[PDB]
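S.K.: need a structure here:
(chains A and B)
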There are 2 protein chains.
Amino acid sequence: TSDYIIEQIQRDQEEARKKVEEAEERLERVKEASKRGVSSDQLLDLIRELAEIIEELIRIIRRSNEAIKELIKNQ
Amino acid sequence: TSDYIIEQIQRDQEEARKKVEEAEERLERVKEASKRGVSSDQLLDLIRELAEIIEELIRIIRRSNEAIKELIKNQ
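M.R.: Residues are numbered from 1 along each chain as shown, chains lettered A, B, ... in the order given. Please see the structure below:
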C-alpha cells in the first residue's frame, strides 16, 4: 500500500495485458497453422511454442499473485 | 477493502494456483507424450489440449487483473 510499490505493480500489470494480447495472437497463428495436412516436425514446433507461452503466462500469474498477497496484507 | 472481497480474491487465487499446477502437470505429460513418436492426429490432439490451457491461464490473468485493480482502489 506504499506508492512506489503500487507504481511497480501497475507497471507490471500493464506488461501483463500486453503479454496476454501477444499470446492470444501467438495462439491464433498457431491454430491457423495447426489444422492442415502438415508434417510432424512442424507440429512438434507448434507444441514447443505453446509450451513457451504457457510457461510465460505462469510467470505472469505468479508475479500477479505476489502483488495481491502484498496488497491484501497491507490491510 | 472488506473481508468479503478479500475472501473472494483469496478463493479465486487458490483456484488459480491449483489450475496452474494442473497445467504444469498436463504440460509435462504432453511434453513426454510429444517425444514418444506419435502420429499427427495425436500431435494435433495435444496442441488442442495445450490451447485449452493457454485460454484458461489467460482468464486467470484477466481476473487477477481485476482483483489488483479493486485492491489498489481501496486505500
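S.K.: Residue A:19 and residue A:74, how far apart?
M.R.: 26 Å (CB to CB, to the nearest Å). Heads up, the C-betas are built off the backbone N, CA and C, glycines and all.
S.K.: Could you check which of these two has the larger neighbour count?
M.R.: Neighbours were counted for residue A:19 and for residue A:74 using other CB atoms under 10 Å in any protein chain shown; residue A:19 has more, 16 against 13.
S.K.: For that one, which non-adjacent residue is closest in space?
M.R.: residue A:60 (6.0 Å; CB to CB, 6 or more residues apart in numbering or on different chains).
S.K.: Quick check: residues of chain A near chain B?
M.R.: Proximity of chain A to chain B (CB under 8 Å from any CB of the partner chain) is limited to residues A:1, A:6, A:9-10, A:13, A:16-17, A:20, A:23-24, A:27, A:30-31, A:34-35, A:37-38, A:40, A:43-44, A:46-47, A:50-51, A:53-55, A:57-58, A:60-62, A:64-65, A:67-68, A:71-72, A:74-75.
S.K.: Which among these count as buried?
M.R.: A:6, A:9, A:13, A:16, A:20, A:23, A:27, A:30, A:34, A:43, A:46-47, A:50-51, A:53-54, A:57-58, A:60-61, A:64-65, A:67-68, A:71-72 (16 or more other CB atoms under 10 Å in any protein chain shown).
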